[PDB]
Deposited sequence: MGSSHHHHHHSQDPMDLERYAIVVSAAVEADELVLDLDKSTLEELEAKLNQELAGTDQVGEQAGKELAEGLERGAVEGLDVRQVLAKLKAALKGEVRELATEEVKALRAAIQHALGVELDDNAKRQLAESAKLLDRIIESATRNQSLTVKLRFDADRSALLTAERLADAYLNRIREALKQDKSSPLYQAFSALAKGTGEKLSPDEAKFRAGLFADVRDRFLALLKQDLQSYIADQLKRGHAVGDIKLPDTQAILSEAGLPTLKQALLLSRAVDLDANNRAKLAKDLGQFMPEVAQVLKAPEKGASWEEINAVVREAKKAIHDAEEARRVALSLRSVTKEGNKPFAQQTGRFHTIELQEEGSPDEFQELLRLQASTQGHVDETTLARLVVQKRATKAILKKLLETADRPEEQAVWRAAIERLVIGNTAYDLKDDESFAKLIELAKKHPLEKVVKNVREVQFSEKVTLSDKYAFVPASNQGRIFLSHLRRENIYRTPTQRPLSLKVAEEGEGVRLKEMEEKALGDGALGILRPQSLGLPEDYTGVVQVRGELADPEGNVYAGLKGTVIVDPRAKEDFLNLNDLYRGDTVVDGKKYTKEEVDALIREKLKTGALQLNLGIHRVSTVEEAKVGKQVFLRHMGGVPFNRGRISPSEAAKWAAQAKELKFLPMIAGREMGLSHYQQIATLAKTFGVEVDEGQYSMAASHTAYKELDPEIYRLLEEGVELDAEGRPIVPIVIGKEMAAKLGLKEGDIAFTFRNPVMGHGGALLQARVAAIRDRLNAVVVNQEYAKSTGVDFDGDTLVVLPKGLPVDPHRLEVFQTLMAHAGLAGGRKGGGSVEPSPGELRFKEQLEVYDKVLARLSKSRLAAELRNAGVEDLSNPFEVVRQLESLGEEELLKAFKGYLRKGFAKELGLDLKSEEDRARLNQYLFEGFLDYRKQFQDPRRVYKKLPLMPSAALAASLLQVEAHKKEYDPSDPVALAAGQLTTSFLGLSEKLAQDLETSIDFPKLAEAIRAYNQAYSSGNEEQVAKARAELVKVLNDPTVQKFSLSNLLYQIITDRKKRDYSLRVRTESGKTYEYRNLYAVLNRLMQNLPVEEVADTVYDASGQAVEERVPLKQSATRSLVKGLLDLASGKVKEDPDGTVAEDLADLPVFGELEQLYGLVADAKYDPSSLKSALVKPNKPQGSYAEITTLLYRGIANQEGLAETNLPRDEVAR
């Protein structure tokens, strides 16, 4: 309902972009289009984030001369401010006095127009949208800026307060494997303890913190919990909380160092958990219905049938479309007309075929194994799965297809077959089957309608399907004597005999209820040779780097550069209308076949065919489009870059993804907008970034005082044409101070700005 900053009180929040006012960053971004990609987006982003934030912090520092002890917290979001020639070290009671002095005597947009430098506190955490600063200086908040924005900017409803302790009544803090309850998941507590309607049974998405009476907060939490009355204690996994890795009072405290501090407070019974609910998992319609996704691993304890069910593999159907075990609720199973064993479909708000393996009375999640839906990138912090009925009015894609496209685009690589869930059992069965097929008993079976004896799950099914109890005792009795010999068990020894029925039935035959063909049910799904190929064709990857953690602009600057994820997505859709998915699919199926068991000529020819479909320009651009969308989405957290390795042998690094997106769009070569160029092994052959930066600060200065007449030149063929008639122009002028120092050769300005 409102930001967890405000529902908890930790931080004060000031907005960075005012009411409906124009996006000055979207405008600067067409300096990137005019220069054909030779300015630096994240520098443009910096100038904007420094302006927007300096203005906000002043305007607050003025509306807050009346609430004057609340002002003092905003004072220390800015250390030193250079306006004109005078410099204002706000820590001085002197300088600060003077700063608020001129603050009133001149209107805001003129004070900001003149700030030449600004340095922010370690205390202010800047983002694309807000400036957060902590409420009281008394305590200390042991998490990094990235995580404060992560945890505290989300809207949650009114925050609860739960006791943490190890013995007694409260919440307990186990120390298990990381992600042990699934990735986005960080705890299992009872519906009652966080105040939900009696015996709720689902998952709920929270934004909690872990604090003490004195105002120190040691870990913050972001993700979901699993609500369930069937579990005994309310417990949070500690290794899934965000703690440490930050600098309190000049020292970095590591994860490990803060984890020590918690165990010491926890023992003293002075450690709470302030938790805010953000969305409670209903089951609501979409046809189709959907709710949140839980990992089956968070059920080995409570309801281990669910755990063990989704643990025993996924089966590829006869056409290669994986069928994945899910577990749905009563409500859902109703409205969508499904019962145990029904094949449905599911996708995250790739479209996979689902096999219902269970139905529960009070469940309102959709519980899946995550390793088998990694192809729909399900994330157990809030992601929702949709289920559609058995009606199947669509074409669900093959494992090779998308697994091959996903790989061509750097988001998966070497051809491995799977791990068969039933490997050793099926070898035994094939040894026995040799003899069975020769026997009289096999003639009897084929006379009663069972022709193909190769699928034991089918022979047993098709039997009990049609009468034939005697032929079933005979088939079941045959395979006993068979496996017992095959495994050297003595069939008389009553504990050796219970070991057969343990191996043949309990471990093998009974799974005929979940799977259709044992020969196609996998423990580790395979990697099709076409996708290992597809990945060797494009050398595109998403290289990780953290935003400078010392400097609070880097992140907010970074988040502004995300603000065209729109165009990255239209590029994908507009692109995919072209690709003939028919021929893509056949060319892949050709290769994977001719790979597995094919002659030498075809493993040659199917290779050259698929390759020519994969090197097709519209395919390459489609896959490259898909990568960029992931990178841009991830730059909302880290300084990710694109890297590409070309026929030159060299690899190019990009963090100007808006120029990359334009070049892809207008079918221009993408290499000149690269930031750094590396030499095969050799690195740093060309570092283009420092040039691109001071160029940016020049062109901005140009664009600005060309549009305002301070340059006697023709603001006409240029991007300054009509700028000064536009609302956004009043905004851009508030960042003239930060680009004043720059210089530009006035002749070549008209050329740059066209």
Numbered from 1 along the deposited sequence, what ranges are absent from the coordinates? 1-340, 627-693, 757-763, 827-834, 1177-1214
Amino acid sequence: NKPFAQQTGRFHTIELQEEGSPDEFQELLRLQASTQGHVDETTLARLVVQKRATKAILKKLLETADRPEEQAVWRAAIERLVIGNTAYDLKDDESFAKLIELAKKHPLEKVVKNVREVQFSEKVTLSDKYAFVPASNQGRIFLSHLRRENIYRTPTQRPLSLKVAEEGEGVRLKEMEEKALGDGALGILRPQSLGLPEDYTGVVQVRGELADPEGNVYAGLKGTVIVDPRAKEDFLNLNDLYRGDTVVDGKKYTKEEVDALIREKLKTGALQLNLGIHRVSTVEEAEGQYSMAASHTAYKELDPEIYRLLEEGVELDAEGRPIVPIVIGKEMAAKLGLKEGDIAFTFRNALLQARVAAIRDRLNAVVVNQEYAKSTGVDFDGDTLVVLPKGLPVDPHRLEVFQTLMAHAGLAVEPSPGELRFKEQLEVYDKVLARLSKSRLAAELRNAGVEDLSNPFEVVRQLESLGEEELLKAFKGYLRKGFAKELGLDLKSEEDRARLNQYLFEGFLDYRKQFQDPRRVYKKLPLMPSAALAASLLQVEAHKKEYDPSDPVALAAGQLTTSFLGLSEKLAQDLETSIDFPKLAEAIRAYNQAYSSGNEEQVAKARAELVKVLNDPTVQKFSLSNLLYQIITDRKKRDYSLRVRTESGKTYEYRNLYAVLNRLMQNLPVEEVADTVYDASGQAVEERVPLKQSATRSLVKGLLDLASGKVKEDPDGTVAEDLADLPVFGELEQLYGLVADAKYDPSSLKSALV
From here on, numbers count along this sequence of modelled residues.
Mean CA B-factor: is it higher for 299-307 or for 641-649? 299-307
Return whichever of 338-346 and 471-479 has the greater mean Cα B factor according to the PDB record. 338-346
At the C-alpha atoms, which of 529, 250, 223, 244 reaches the highest B-factor in this entry? 250
Max C-alpha B-factor within the set 599, 563, 615, 404 falls on 599
Chain-relative CA temperature factor third for residue 61: middle
With respect to C-alpha B-factor, does residue 671 fall in the lowest, middle or highest third of the chain as deposited? lowest
Once the chain's modelled residues are ordered by C-alpha B factor and cut into thirds, is residue 687 in the lowest, middle or highest one? lowest
Going by the entry, which third of its chain does the Cα temperature factor of residue 237 land in? middle
By the entry's values, the third containing the CA B factor of residue 427 is the middle
